[PDB]
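Shown next, in structure tokens, is the structure this report addresses.
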Ligand SMILES: *[C@@H]1O[C@H](CO)[C@@H](O)[C@H](O)[C@H]1NC(C)=O
Ligand SMILES: *[C@@H]1O[C@H](CO)[C@@H](O)[C@H](O)[C@H]1NC(C)=O
Ligand SMILES: *[C@@H]1O[C@H](CO)[C@@H](O)[C@H](O)[C@H]1NC(C)=O
Ligand SMILES: *[C@@H]1O[C@H](CO)[C@@H](O)[C@H](O)[C@H]1NC(C)=O
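Chains as they are written, first to last, in the entry's author numbering: chain Y, 2 to 127, 131 to 158, 162 to 213; chain A, 18 to 674; chain C, 47 to 79; chain X, 9 to 116, 121 to 128, 143 to 149, 157 to 175, 185 to 198, 203 to 210; chain H, 1 to 140, 145 to 226; chain B, 26 to 124; chain L, 1 to 215.
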């Protein structure tokens with residue numbers, strides 16, 4: 002079933018992070034067979050902890066676990082340089098022959114801030133469908149407030168703040184307009200706020 | 018210190034299994050378990066070479082024959098309305114009579130049957146190689162012959178049975194051979210590398226017969242003990258509990274007679290019967306155990322434990338064996354209480370099923386003689402009743418023979434007592450048996466002893482007061498109508514003769530106070546103990562009686578004498594002078610309206626054959642059966658009919674009207 | 047004359063009903079000979 | 009294939025050929041849009057023992073072929089109570105309870125339509162001009187992609207949907 | 001009833017062995033246990049042993065180291081032997097039968113019925129001596149007494165009968181007195197009427213078994 | 026010499042089940058085919074040192090089978106599966122082709 | 001094993017009286033295993049009562065055996081002269097049979113003075129060199145009687161023996177025979193030989209004498 006795992010990794014690049022994983026009397030509290038798995042945000046598993054404290058022969062940086070009583074904490078030191086991924090814990094459970102963890106996502110703080118590179122596509126002729137595409141990329145952290153206007157005044164359902172390859176984030180915004188509101192109004196300006204800065208891109212039927 | 022827990026790890030077939038056995042948990046809830054004792058017995062650090070040499074020491078069955086056996090339905094379903102009885106809680110308010118249904122709960126019955134507890138698999142040499150030391154609630158049958166030079170132990174539980182033979186050669190090198198019977202799933206746990214398949218001789222779908230011995234002990238036992246384990250296991254599995262008990266009982270009875278167990282030999286059949294006694298005692302306990310927390314009908318328990326009680330007595334006679342266990346005191350209390358609800362004097366006025374049920378309860382509740390002698394009055398009441406409704410001189414029917422056999426055991430028990438308070442009733446029983454022992458009865462019993470059927474196990478002739486049954490007369494009464502082989506017939510005559518040996522404690526009189534009036538006992542032919550008189554019928558004259566008649570015999574042909582003894586008080590000397598003649602009576606009318614001959618005896622004999630029949634006139638019906646049939650054949654001048662009266666008179670009936 | 051009948055017998059003894067296990071069987075710890 | 013109803017029959021393959029040793033045990037672990045990991049089934053090296061899940065997530069038949077380097081799994085689709093991404097797992101070995109070798113995993121109302143520096147394609158995989166500029170391969174998460191280029195050449203989009 | 005006849009030696013030397021044999025008449029050995037019972041004059045009634053017609057023996061535990069008994073069923077006899085004799089073993093030896101038959105083994109002993117006539121076995125180192133018979137002259145109611153004195157014989161007993169048994173009324177044979185020499189001597193006198201005296205004759209028949217002596221002495225007046 | 030040995034305790038060496046906490050069993054196709062078990066010390070204390078002693082696996086398995094049977098009225102189901110697995114393992118190993 | 005002590009040792013009653021004999025055992029024994037025997041001196045013992053209560057064949061109703069446990073009794077009522085005997089108790093329940101010491105009962109009578117006779121030695125005995133004079137006392141009662149030898153009025157001492165018979169089972173009388181033994185030499189040197197008898201039944205001591213050689 003579920004092994005409890007705490008979220009909210011912390012640390013100002015001090016090369017140390019600690020996150021627990023508590024289990025039952027048949028999986029964690031009474032058996033020394035427990036493992037973890039992080040590896041990336043596009044692929045989840047890689048061994049990363051061979052036993053309670055053992056390390057596989059690829060992870061030379063300080064990776065270790067506690068397994069004190071009915072709880073298995075985790076102490077990592079050398080992976081404090083990248084936004085890598087979530088972590089998981091598992092063990093041999095007599096009740097159910099396997100069992101996994103609730104999830105602990107990780108990214109390290111203190112990275113240099115990056116203002117976003119907002120962009121926009123053309124009015125996109127192709131019928132009473134507009135869906136204006138405003139793109140946001142290369143920003144940190146992943147928290148921006150997007151707004152739109154029609155020269156003086158503001162179905163939307165847009166969100167996708169995932170990670171990127173160059174240590175940054177991304178997002179998109181479409182909002183599904185119609186020519187009955189596109190031809191009459193002069194222009195539309197996609198504005199983004201990242202830590203209090205209005206990055207604007209304006210388009211018009213021209 | 019302070020044993021806590023052990024973790025077991027398995028890498029079998031890929032996936033890693035991990036188990037945790039906590040010693041302190043399962044050790045506090047199972048007090049009769051010692052893990053360190055089994056760890057010591059295990060010899061965990063034994064090398065493979067040494068384990069191999071211990072493994073080859075033990076004999077292994079080369080071929081296991083697979084036979085499909087059909088086990089029967091022993092214990093019936095609970096009868097609707099049966100009062101359930103706890104063996105531990107039995108009070109007089111429990112079941113009223115023999116007609117009200119009843120059943121005893123199985124769990125308290127088992128707790129009382131297997132009350133004792135002991136070590137079943139000892140640390141001795143042969144068992145220690147293969148078994149872990151086992152200690153359970155048990156019940157054993159032990160016996161020894163040849164003065165501790167041969168011993169058999171019959172330890173058993175509610176799940177399996179182990180019979181162990183031990184032989185001492187008077188010089189050393191004890192030989193041990195064990196046989197284990199029971200459910201293949203219930204067999205005890207093996208030690209080390211041993212496997213059960215390589216040790217089972219016979220096997221069924223659910224039962225197994227395992228043999229545990231060393232090659233040297235096996236080869237030594239084989240010179241004098243080659244049992245047929247196939248048929249042995251087959252009977253042990255297929256037969257019901259009571260049938261198997263009766264089978265073993267018949268074997269021992271034929272062994273006790275014909276002088277077989279006075280000097281018991283180390284024969285194959287002997288040891289086979291020793292094991293079968295244990296199996297008989299084990300099948301009852303196993304049948305009770307296979308119905309856990311249920312209840313067993315009282316009639317089934319009565320039948321089975323009557324058989325077991327008789328079997329216990331017989332093994333105590335032949336081998337002086339000991340049976341510890343398989344005896345519930347609650348069942349005895351229940352039976353002895355039911356014995357107070359039926360009056361013995363009229364036990365024969367009940368149903369045949371009720372008569373047999375009461376008699377089984379009688380021997381089960383009162384297993385030892387001398388506690389309640391009134392039971393004899395019951396058994397006599399059965400016999401008397403049967404004698405009234407049985408066709409005269411005809412052989413006993415199977416049902417009647419079984420009823421009289423169930424009843425005969427209280428009498429056999431009281432005849433072996435040195436002092437009794439039921440002398441008159443024993444006399445009546447033995448007179449009735451003498452009356453029932455005709456030529457047809459002897460012929461049927463001889464045929465049953467020849468063929469080995471149930472007719473030879475019991476007969477009223479065995480308790481009869483006939484002393485004129487030598488070999489030359491038994492061969493004349495042999496049937497010879499069937500195609501008999503004269504070998505079984507010779508052995509049957511010899512066995513029938515030995516069963517009547519007066520050396521038997523139930524064959525010498527010791528309770529006919531007039532048997533002392535005889536001075537030449539080797540010439541006694543018959544004893545007729547009527548009321549106020551006993552007639553000593555002999556071929557000799559020196560009898561200290563109250564009178565002396567001489568019957569008509571052919572010249573030079575072993576004359577016949579009848580000496581009456583009044584009140585069983587012997588005379589100061591033999592009545593001298595000339596023996597008085599037997600008065601002939603012709604004016605007796607064949608038409609009678611009242612029982613004028615009641616209490617008399619009617620003895621027909623022949624001039625050159627001997628005594629032929631004996632009738633006890635016990636009712637009007639028997640008198641009319643005698644007078645109004647072809648019994649009186651005055652055309653044959655060699656047959657003479659003598660009437661014996663209660664005042665000691667002997668008449669010769671030579672005519673009627 | 048009357049029919050031959052069984053000699054009368056005495057009533058059964060007073061069955062205990064108040065005897066426990068140790069008084070009937072014994073020590074419960076036996077050694078097999 | 010894939011993409012079946014709340015009642016389905018899809019045959020999944022775990023074909024992995026890392027070496028010439030296939031005498032280990034194997035497992036299936038499954039993932040979904042919900043961030044979580046859950047185990048499903050296990051077979052033995054000598055395939056004499058097989059384990060499955062025991063809850064609202066149960067599952068259905070798995071097999072293995074020693075002479076064809078494969079383990080196989082078949083599944084019924086509960087859709088709502090069923091996931092889509094099934095990974096392979098290879099058991100460690102003797103006295104070790106974990107997995108070492110893994111796999112990439114197999115594939116994914122009703123089917124919709126495929127399609128309708144700043145080159146604004148507006149929509157699976159996305160590619161431009163048969164990967165002319167691999168460096169500027171920029172696809173925003175779903185759904186439009188953007189493929190970076192030089193501003194001078196103003197005078198000199204590929205999509206795939208497996209349902210479509 | 002059953003009758004017995006016992007034969008065996010009378011005088012025996014100490015270190016020797018006693019051998020007796022009873023024969024049964026009027027009955028049969030089958031079914032009963034026959035026993036030997038000794039009785040020292042004055043004291044007595046000590047049980048020795050018993051045997052049945054098959055051979056089962058039961059001896060007195062105070063004598064089982066010296067006593068053996070055997071049977072002969074073809075002759076209806078049973079015999080006793082007692083070695084290591086002493087002067088204290090002289091006694092009257094009776095043989096009796098149990099008053100009730102005992103066929104089986106697991107069976108108590110019974111009472112004696114009937115008994116036989118005991119014979120006197122005398123253990124002594126002395127030798128036999130023949131008796132001398134002398135008359136006692138009857139001199140002169146009107147009834148006189150005449151007798152025979154049997155003197156100087158050993159050992160006991162002798163038997164005196166008048167007229168081979170034709171005269172038993174008034175006969176008195178006194179118990180013997182042991183003389184200082186070690187020999188025995190007794191009298192046997194009968195009182196007869198004095199009318200009879202003289203004319204018809206009287207003879208005392210004295211018989212000593214060990215010495216094989218038989219003397220018929222006629223008693224006449226002098 | 027399959028994967029370890031079975032040297033018998035020399036006549037001064039003591040062994041007790043109280044000082045054993047981890048037992049490792051071998052399959053019928055893990056080692057050469059013999060049944061060997063490895064008993065381990067508590068693996069506790071400073072530097073976490075541990076001592077091991079190989080022994081006959083058949084005797085260990087038979088011991089634990091009898092242990093679990095003699096107390097089957099207290100098995101938690103976990104030990105029930107252990108009993109079934111030990112019986113199957115003991116049945117897989119066989120003799121007289123060992124000689 | 002079991003020891004049976006009888007009581008009393010001696011006993012004397014008159015015809016018609018009732019005699020009670022006692023037999024005490026050293027242990028307990030079943031009443032069914034006990035016997036009483038009657039032994040008239042010179043004859044084989046006759047069984048009286050077996051089973052401690054049951055009368056044997058021929059024994060009349062005036063014999064009764066009772067008791068149990070450790071004490072048994074034999075009551076003989078309406079005594080007759082024929083009942084003179086020694087009576088024994090026996091037990092046959094222990095491993096060895098055992099009998100009692102016995103009780104000798106004498107039946108009383110009237111005074112019955114003796115019949116004194118004297119017999120001189122024969123010529124045959126004198127031929128051998130000795131002489132024996134015989135004095136006879138016949139059919140007297142009680143057994144207490146004094147016999148004194150007088151050879152020429154000299155009282156003989158230390159040269160005479162005597163024997164008394166058992167009580168006659170019909171008339172309950174005794175008989176004594178006294179023998180005076182002398183050498184031939186001492187016998188020939190005296191004349192008057194007499195025996196003197198003193199008894200309760202004699203008014204005066206009766207003397208029977210003779211002269212050596214008279215006719
Ligand atoms: C236990 O193993 C050792 C070594 O093989 C052996 O010496 C010993 O005798 C075995 N067991 C017994 C009970 O002797
Ligand atoms: C009868 O007495 C004999 C001898 O004492 C004994 O061996 C036997 O066991 C007794 N039988 C009974 C039933 O008391
Ligand atoms: C087990 O370990 C304890 C503690 O070290 C020790 O005292 C004991 O001797 C050991 N067991 C044996 C059988 O010696
Ligand atoms: C070994 O054990 C397996 C099960 O784990 C069984 O299938 C096989 O028959 C056994 N024997 C051999 C020789 O592999």
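The C-beta atom is built at its ideal place from N, Cα and C for all residues, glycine as well.
Contacting residues, own chain, Cβ-Cβ under 6 angstroms from residue i (five flanking each side not counted)
i: residue 591 of chain A; result: 559, 561
i: residue 53 of chain L; result: 65
i: residue 62 of chain L; result: 77, 78
i: residue 96 of chain L; result: 1
i: residue 32 of chain H; result: 97, 98, 101
One or two residues paired with residue i in a DSSP bridge
i: residue 194 of chain A; result: A:182
i: residue 407 of chain A; result: Beta-bridge pairing links residue 407 of chain A to no other residue.
Three-state class that DSSP yields for residue i in the structure shown
i: residue 214 of chain A; result: helix
i: residue 534 of chain A; result: helix
i: residue 49 of chain Y; result: coil
i: residue 268 of chain A; result: helix
Closer than 6 angstroms: residue i CB and nearest ligand 1 heavy atom
i: residue 150 of chain A; result: no
i: residue 60 of chain A; result: yes
Closer than 6 angstroms: residue i CB and nearest ligand 4 heavy atom
i: residue 9 of chain A; result: In the structure as shown, chain A starts at 18 and stops at 674, and residue 9 of chain A therefore has no counterpart that could be examined.
Residue i beta carbon near ligand 3 (any heavy atom closer than 6 angstroms)
i: residue 54 of chain A; result: no
i: residue 39 of chain B; result: yes
i: residue 163 of chain A; result: no
Minimum Cβ-Cβ distance from residue i to chain C less than 7 angstroms
i: residue 397 of chain A; result: yes
is_contact[residue i, chain L] using C-beta, thresh 7 angstroms
i: residue 447 of chain A; result: no
Neighbourhood of residue i by C-beta distance below 8 angstroms, restricted to the same chain and skipping five residues each side
i: residue 97 of chain A; result: 118
i: residue 185 of chain Y; result: 132, 133, 134
Within-7 angstroms CB hit, residue i to chain A
i: residue 58 of chain L; result: yes
i: residue 95 of chain B; result: yes
i: residue 20 of chain L; result: no
Minimum Cβ-Cβ distance from residue i to chain X less than 7 angstroms
i: residue 123 of chain Y; result: yes
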